[PDB]
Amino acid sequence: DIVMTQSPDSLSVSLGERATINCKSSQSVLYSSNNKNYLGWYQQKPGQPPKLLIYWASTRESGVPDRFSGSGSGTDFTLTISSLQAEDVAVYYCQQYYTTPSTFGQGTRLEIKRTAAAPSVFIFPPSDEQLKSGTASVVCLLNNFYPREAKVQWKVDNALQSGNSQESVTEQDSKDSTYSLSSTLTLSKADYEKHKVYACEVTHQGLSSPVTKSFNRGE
């Protein structure tokens, strides 16, 4: 059975600049008979099914913009995006149809590089409703920032927390090419009611110095 191997596994390219993704087949997918490469490229945007970009290694699908082009033959193929746009953020897969099963590449995450943008920080105390259950969830939101890397420090009365919080990050936005992040501090009702000042400190490249949002338990 044929094996597809893409390279790189992931790729970060600035707006309006070339992005190149490579696909390699264990055997040739050129059919000598009709001289056609049985090789397609698919785009998969988050939480959508894959869209066909390019078939017979170099033929662009209708609707697919000019900047997408395919090339190569036999065992070595190349998807190229000549002038990368915000909306091109996706995972790109090559797929061979010389055999069936018509096997896929492992995929290539394409990220858009843009000028650094600082996160808007918001903090959220636990709901009165949640406390009745016996645990407390404090939520810090970093909203619409680039790049993806950010440090979130939880401070409970100036004591720095560790191993009691979890982060989630959005898929990169297809318009402003930014991310958002949620840090969730989880403690018991007991521990939440002992302490007074709950603070979330955010270190990020787009901020001249760490930003802190905090509340005192019960306004």
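Residues carry their position along the shown sequence, with the first being 1.
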query: Mean C-alpha temperature factor, higher of 33 to 41 and 165 to 173; finding: 33 to 41
query: Given 81 to 89 and 121 to 129, the range whose Cα B-factors average higher in the PDB entry; finding: 81 to 89
query: Options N143, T108, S137, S73 - largest CA temperature factor per the record; finding: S73
query: Identity of residue with top Cα B-factor, from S28, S183, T186, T178; finding: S28
query: CA B-factor ranking of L15, expressed as a third of its chain; finding: highest
query: Ranked against its chain, the third holding the CA B-factor of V211; finding: highest
query: Among modelled residues of the same chain, the CA temperature factor third for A57; finding: highest
query: Third of the chain's Cα B-factor distribution that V64 belongs to, per the entry; finding: highest
